[PDB]
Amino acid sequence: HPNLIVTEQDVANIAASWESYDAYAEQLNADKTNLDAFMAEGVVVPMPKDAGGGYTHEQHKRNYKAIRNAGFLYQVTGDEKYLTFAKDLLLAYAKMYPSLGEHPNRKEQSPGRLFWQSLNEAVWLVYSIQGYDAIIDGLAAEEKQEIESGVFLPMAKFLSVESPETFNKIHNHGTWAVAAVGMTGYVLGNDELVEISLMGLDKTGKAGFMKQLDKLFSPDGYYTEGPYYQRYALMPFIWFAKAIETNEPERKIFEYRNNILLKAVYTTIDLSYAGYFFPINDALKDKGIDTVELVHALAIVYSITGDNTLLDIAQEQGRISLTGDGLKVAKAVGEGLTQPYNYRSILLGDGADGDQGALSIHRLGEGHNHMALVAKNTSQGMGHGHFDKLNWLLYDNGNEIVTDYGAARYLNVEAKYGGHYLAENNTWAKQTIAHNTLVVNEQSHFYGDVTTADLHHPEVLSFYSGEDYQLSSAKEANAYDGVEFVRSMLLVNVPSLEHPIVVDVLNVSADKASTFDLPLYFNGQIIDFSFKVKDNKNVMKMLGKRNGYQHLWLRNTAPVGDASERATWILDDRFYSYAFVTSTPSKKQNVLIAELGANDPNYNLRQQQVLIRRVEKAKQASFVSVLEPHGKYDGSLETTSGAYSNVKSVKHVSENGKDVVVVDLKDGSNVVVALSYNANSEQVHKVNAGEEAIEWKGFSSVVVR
């Protein structure tokens, strides 16, 4: 002891070297200073009372961190006051815990005892067992027995054999529970606790850690619940793996499933822009790469791989793991070994086998010209999944541009329903209308039914990443009865333009005449539109009755027709223009400008604007658009250039199920995008625009004339 997340050898390395690396010493000293301050308050272990973000919730959180940190500092410094504090905290828990029943402020989740839900109980155990592992050799036998019998063994039993609905779950709850119980198993030398954590309660491998590794990650290391829950589950994954490695290296856990755990870490990094995770599915928008799960995970992977590009990410995190692994990161950074991280375009398969749709990330440019297009062609992702098949997000200039709302939830704010998912998470945040994708008849994909959504996934038709352009194309044939839609999204490098442009082609075919809505949630302030808005007559009414529409105010409608239209907005120092046209036999076309906040008596929803393109009574439609960053606004020096869009118009023609899009530019050049939807790279295609003939080879072609 210790022999878990840190080993005796790690402690020796840290003791010998920590003062020699400034980044590590600064981190250690801050943690030490903060703990010393906390210790001055005495041992404070309150009877459990409060929900998420409430006093007892946050106090028991401060305590598990204190136990872990005191154990670490005892080991590194040899200062007995840290042993005493960790010990006395644990003895207080040991006295209290056997008397605890179900938490009094429970909700619909499995209750904890210390906490309103069992999830936080598992986190408490993951942290606290590390502190115990780090002090155990300095305790009297009676103190060990009291702590083990009073809190650790009863909690481990509670979270495993007493909680099969959680322990056997293939879900982030399951990951945390098996990590907590398995790590306890290693520290206490309890073979049974380790075995059930690895192989499930019945030991057959139908549930447990190994099954989670096999099922929750695709072969690309993409975690099916989405980026936000990927980083969260990454801690119990990487920390239980670390414990397995330090105690049973023969299991070769970091080799398992073609280094799935290593791939999970890189993929977590790859799911961020300007340091923030893509807020698809249930997600909070202030979650970034400095989150401790990725700080610790990066350190472990660096220690294994020696990949010096990880040191770039480490510096961007501005935080370092206080482990033996973190020491290696700090040392490498201090020795000037840092290399730039290779942010790249990727296709991430979803489902265990990678075939259940995919998440595409398309990147182009560098610095403030770095654009990222996210194409959400993924399976449901279980309960946290949103009803947004073929959704997209755009990032540019260090900003989110075309956005995903994330979840309706205020992390650890007790006055917001104990920090838990709000009523509006289901009624607004999960719904299709809340997203940048097709809504049919004001109904959500799969009619907002998670059971149905869980059974289906989009079909990826094409992925391409070149220096000329980037493309993803996917088909959704199961979202609605008698409806199929296909979306192709492109990032195009036009040499004459300062920034890459997005081209979007969303085709829908329906058996019955329908309403088709396509929203665009934008970040910024409207400059102007090419269309005239109808007078709202000094009233804003709720947009629709159900499925998220009840949360939107209609601010203006504007009629549109055959010709492409334009909306231009500003965000910080850059302009963005949305040029759009919809090919359809229906003449009933309108733009709806809407604002979030209807049916929100509790002020749970943020202010937000949206441009919705609506076609009514149509069986067929091709929603075509361009998203173009342009120009410079400098409010400091008081200059402006390039403020007008460089796109004169967008035109579209379909022939024999093949599409041609022509983007006419103000300098007289044009961009031609052609889509055949045929994967045969050698098949030649022809489409007649008017008298103009367009010919190409393969699924797609982009030509700048």
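The first residue of the sequence shown is number 1, and the count goes up from there.
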Between 201 to 209 and 269 to 277, the record assigns the higher mean Cα B factor to 201 to 209
Average Cα temperature factor in the PDB entry - higher stretch of 81 to 89, 120 to 128:
81 to 89
In terms of CA temperature factor as recorded, identify the highest of 418, 306, 185, 398.
306
Highest-ranked of 391, 568, 488, 452 once sorted by CA temperature factor in the record:
452
Residue 101 - Cα temperature factor, lowest/middle/highest third of chain:
highest
Once the chain's modelled residues are ordered by C-alpha B factor and cut into thirds, is residue 448 in the lowest, middle or highest one?
middle
Would you check the entry's CA temperature factor for residue 466 and let me know if it's in the chain's lowest, middle or highest third?
highest
Would the CA B-factor of residue 227 place it in the lowest, middle or highest third of its chain?
lowest
Classify residue 366 as lowest, middle or highest third according to the C-alpha B-factor given in the PDB entry, relative to its own chain.
highest
